[PDB]
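S.K.: Let me give you the structure first, and then I'll get to my questions.
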Amino acid sequence: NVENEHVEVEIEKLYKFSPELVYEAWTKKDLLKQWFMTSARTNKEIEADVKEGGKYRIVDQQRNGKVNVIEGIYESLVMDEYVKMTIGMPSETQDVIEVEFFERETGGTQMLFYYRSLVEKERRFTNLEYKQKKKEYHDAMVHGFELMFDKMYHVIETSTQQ
Ligand code: NA
């Protein structure tokens with residue numbers, strides 16, 4: 001649809017953890033299973049082939065027997081430095097995640113997260129209605145990723161105490 005536009009989410013987090021510890025959260029299966037679109041208790045399946053061009057597949061338990069399936073690809077993996085991945089399998093577009101890890105002087109890491117997602121324009125939508133749907137979608141994604149990263153934060157914290 002020539003008319004579908006992207007929302008973009010930009011998130012900066014500062015952690016005391018080393019870039020290596022944060023990068024690991026993104027690239028290790030039994031860590032990702034705890035935070036990335038899933039959690040320890042709701043995770044049904046996770047497969048992750050963590051190399052460039054490799055697939056991941058997360059099945060997450062929702063209410064009343066329903067399931068969420070999340071699949072995508074690692075496009076770029078540079079050690080302690082950079083992950084580019086898709087949400088969506090190259091019906092329905094791929095969202096893009098690009099996340100960079102920088103070492104601070106002081107802390108462990110500055111984490112710079114970028115996300116791009118195509119929002120579908122509905123039949124007969126006014127300019128305002130479309131703009132309102134992208135704003136709602138953006139705020140929902142900001143909130144869902146915040147909740148994820150702060151979950152990711154405790155998963156990292158509890159490998160540091162246990
Ligand atoms: Na997906």
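Order determines the names: the first chain of the structure tokens is A, the second B, and so forth; residues in each chain are numbered 1 upward, and ligands are numbered 1 upward as they are shown.
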Find the residues around stretch 129-142 of chain A up to 10 Å (only C-alpha atoms counted), leave out those fewer than 3 positions away in its own chain, and share them as a PyMOL selection string.

M.R.: chain A and resi 4-11+115-122+124-126+145-148

S.K.: Would you list the residues that come within 10 Å of ligand 1? Count only C-alpha atoms and all ligand atoms and give the answer as a ChimeraX atom specification.

M.R.: /A:57-58,68-72,86-90,92-95

S.K.: Keeping only N, CA and C atoms, write the selected residues as an mmCIF file, in the first residue's frame.

M.R.:
data_model
loop_
_atom_site.group_PDB
_atom_site.id
_atom_site.type_symbol
_atom_site.label_atom_id
_atom_site.label_comp_id
_atom_site.auth_asym_id
_atom_site.auth_seq_id
_atom_site.Cartn_x
_atom_site.Cartn_y
_atom_site.Cartn_z
ATOM 1 N N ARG A 57 12.393 -18.103 16.767
ATOM 2 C CA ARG A 57 10.963 -18.336 16.895
ATOM 3 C C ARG A 57 10.517 -18.436 18.366
ATOM 4 N N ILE A 58 9.702 -17.476 18.796
ATOM 5 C CA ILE A 58 9.202 -17.412 20.171
ATOM 6 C C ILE A 58 7.686 -17.624 20.163
ATOM 7 N N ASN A 68 0.832 -16.273 21.218
ATOM 8 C CA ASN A 68 1.534 -15.301 20.394
ATOM 9 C C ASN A 68 2.747 -15.966 19.790
ATOM 10 N N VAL A 69 2.862 -15.892 18.453
ATOM 11 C CA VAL A 69 4.048 -16.368 17.733
ATOM 12 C C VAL A 69 4.853 -15.169 17.206
ATOM 13 N N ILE A 70 6.121 -15.141 17.571
ATOM 14 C CA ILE A 70 6.993 -14.086 17.201
ATOM 15 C C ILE A 70 8.182 -14.753 16.523
ATOM 16 N N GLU A 71 8.427 -14.349 15.282
ATOM 17 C CA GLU A 71 9.519 -14.890 14.473
ATOM 18 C C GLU A 71 10.249 -13.773 13.782
ATOM 19 N N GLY A 72 11.515 -14.007 13.469
ATOM 20 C CA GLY A 72 12.292 -13.055 12.714
ATOM 21 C C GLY A 72 13.677 -13.587 12.485
ATOM 22 N N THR A 86 15.028 -8.473 12.652
ATOM 23 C CA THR A 86 13.627 -8.276 12.312
ATOM 24 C C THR A 86 12.645 -8.872 13.346
ATOM 25 N N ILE A 87 11.497 -8.204 13.409
ATOM 26 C CA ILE A 87 10.260 -8.711 14.024
ATOM 27 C C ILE A 87 9.338 -8.941 12.839
ATOM 28 N N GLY A 88 9.064 -10.197 12.535
ATOM 29 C CA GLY A 88 8.428 -10.513 11.266
ATOM 30 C C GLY A 88 9.391 -11.208 10.343
ATOM 31 N N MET A 89 8.832 -12.127 9.581
ATOM 32 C CA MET A 89 9.596 -13.051 8.789
ATOM 33 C C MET A 89 9.629 -12.538 7.316
ATOM 34 N N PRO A 90 10.834 -12.152 6.811
ATOM 35 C CA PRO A 90 11.004 -11.669 5.432
ATOM 36 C C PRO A 90 10.154 -12.412 4.414
ATOM 37 N N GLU A 92 2.047 -9.739 5.833
ATOM 38 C CA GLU A 92 2.475 -8.893 6.969
ATOM 39 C C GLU A 92 3.979 -8.563 7.056
ATOM 40 N N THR A 93 4.269 -7.264 7.039
ATOM 41 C CA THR A 93 5.641 -6.701 6.968
ATOM 42 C C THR A 93 6.578 -7.083 8.140
ATOM 43 N N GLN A 94 7.892 -6.878 7.939
ATOM 44 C CA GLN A 94 8.861 -6.996 9.037
ATOM 45 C C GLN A 94 9.075 -5.648 9.703
ATOM 46 N N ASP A 95 8.902 -5.644 11.009
ATOM 47 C CA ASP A 95 9.443 -4.602 11.820
ATOM 48 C C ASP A 95 10.978 -4.766 11.929
#

S.K.: Smallest atom-to-atom distance to residue A:151: which of A:114, A:23, A:36, A:15, using only C-alpha atoms?

M.R.: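 So, comparing all the options, the nearest one is A:36.
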
S.K.: Within 6 Å of residue A:99, counting only C-alpha atoms, which residues qualify if same-chain residues fewer than 4 places away don't, as a PyMOL selection string?

M.R.: chain A and resi 82-83+112-114

S.K.: Atom CA of residue A:17 and atom CA of residue A:158, how far apart in Å?

M.R.: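 Result for atom CA of residue A:158 versus atom CA of residue A:17: 11.7 Å, one decimal.
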
S.K.: Can you pull out every residue within 12 Å of residue A:157, counting only C-alpha atoms, but drop anything in the same chain fewer than 4 positions away, and send it as a list in words?

M.R.: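 Listing them by chain and then by number gives residues 15, 16, 17, 18, 21, 22, 25, 31, 150, 151, 152, 153, 161 and 162 of chain A.
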
S.K.: For those residues, write N, CA, C and O atoms to a file as a tab-separated table (two decimals), in the first residue's frame.

M.R.:
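And here's part-v7.tsv as it stands now:
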chain	number	residue	atom	x	y	z
A	15	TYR	N	22.92	1.73	31.70
A	15	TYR	CA	23.03	0.68	32.70
A	15	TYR	C	24.43	0.69	33.27
A	15	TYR	O	25.36	1.15	32.60
A	16	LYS	N	24.55	0.16	34.48
A	16	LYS	CA	25.83	-0.09	35.12
A	16	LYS	C	26.53	-1.35	34.56
A	16	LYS	O	27.74	-1.51	34.69
A	17	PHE	N	25.75	-2.26	33.98
A	17	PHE	CA	26.30	-3.49	33.40
A	17	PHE	C	27.25	-3.21	32.25
A	17	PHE	O	27.08	-2.23	31.56
A	18	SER	N	28.24	-4.10	32.06
A	18	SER	CA	29.14	-4.08	30.88
A	18	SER	C	28.37	-4.30	29.54
A	18	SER	O	27.33	-4.99	29.52
A	21	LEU	N	27.51	-7.77	28.96
A	21	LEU	CA	26.36	-8.32	29.73
A	21	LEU	C	25.02	-7.93	29.10
A	21	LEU	O	24.12	-8.77	29.02
A	22	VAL	N	24.90	-6.69	28.65
A	22	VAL	CA	23.71	-6.25	27.92
A	22	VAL	C	23.57	-6.92	26.54
A	22	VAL	O	22.46	-7.33	26.17
A	25	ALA	N	22.20	-10.44	26.74
A	25	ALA	CA	20.74	-10.49	26.96
A	25	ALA	C	19.95	-10.66	25.66
A	25	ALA	O	18.89	-11.30	25.66
A	31	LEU	N	18.34	-16.44	28.09
A	31	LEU	CA	18.15	-15.09	28.60
A	31	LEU	C	16.97	-14.41	27.85
A	31	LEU	O	16.07	-13.89	28.49
A	150	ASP	N	12.99	-3.23	31.12
A	150	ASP	CA	13.18	-3.25	32.54
A	150	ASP	C	13.08	-4.69	33.13
A	150	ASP	O	13.78	-5.04	34.07
A	151	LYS	N	12.32	-5.53	32.44
A	151	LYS	CA	12.45	-6.97	32.60
A	151	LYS	C	13.84	-7.52	32.22
A	151	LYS	O	14.43	-8.28	32.97
A	152	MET	N	14.34	-7.16	31.05
A	152	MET	CA	15.71	-7.47	30.68
A	152	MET	C	16.72	-7.03	31.77
A	152	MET	O	17.69	-7.74	32.03
A	153	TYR	N	16.51	-5.86	32.36
A	153	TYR	CA	17.40	-5.35	33.39
A	153	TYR	C	17.54	-6.29	34.63
A	153	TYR	O	18.65	-6.53	35.09
A	161	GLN	N	23.99	-11.54	40.85
A	161	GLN	CA	23.78	-11.82	42.27
A	161	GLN	C	23.64	-13.34	42.50
A	161	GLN	O	23.88	-13.83	43.61
A	162	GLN	N	23.25	-14.06	41.45
A	162	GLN	CA	23.19	-15.53	41.45
A	162	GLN	C	24.10	-16.08	40.34
A	162	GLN	O	25.24	-15.64	40.17

S.K.: Based on the backbone DSSP call, show me all residues of chain A assigned strand (DSSP E), as a VMD selection string.

M.R.: chain A and resid 5 to 15 43 to 48 55 to 61 67 to 78 82 to 87 95 to 103 109 to 119

S.K.: Pick the closest to residue A:73 from A:30, A:24, A:49, A:60: which is it, counting only C-alpha atoms?

M.R.: A:49
